[PDB]
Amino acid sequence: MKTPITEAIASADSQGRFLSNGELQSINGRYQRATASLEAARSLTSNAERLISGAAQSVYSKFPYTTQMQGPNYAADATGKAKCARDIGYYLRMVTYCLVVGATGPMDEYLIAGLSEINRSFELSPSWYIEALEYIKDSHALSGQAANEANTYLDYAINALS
């Protein structure tokens, strides 16, 4: 998994050398930003259910047809909406992992790799997830740098979807 630390190590190793002071300062940079990131992770996690429920509702209100169009692909059913909330929670959970390791690595590997293929194959609209993420950004209620951290990763996901 790519983190500021594993990344600094892979670069030093690819050059057969000890870490550089530049790389130590880089890791110090992650240690410094971690307080804000861990606070964002804690907050999103304690509010996970209401964020997820509220995000799914927001997608259902914006894309009425998804809960209407009855087929395997739409949340027109209990299973359909359950998978939707489950997907939404996966996004939230990935966001907290990114915060925890200080990099997009967890989301890149567990969710973004293969995202295009899965959304295409199961006809899932990236726009649905964009709305869920916008909802979380507008709803987590974080402040200061913990909020910046949270939003930076939520925006990263939004960008992977558009």
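Position 1 is the first residue in the sequence shown; the rest follow in order.
Look at the mean CA B-factor for 147-155 and for 13-21 in the entry; the higher one is 13-21. Of the two segments, 64-72 and 38-46, the one listed with the higher mean B-factor is 64-72 (C-alpha atoms only). Based on the entry's C-alpha B-factors, the most elevated value among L111, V95, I27, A56 belongs to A56. Ranked within its chain, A85 lands in the lowest third, by CA B factor from the PDB record. Compared with the other modelled residues of the chain, the Cα B-factor recorded for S116 ranks in the highest third.
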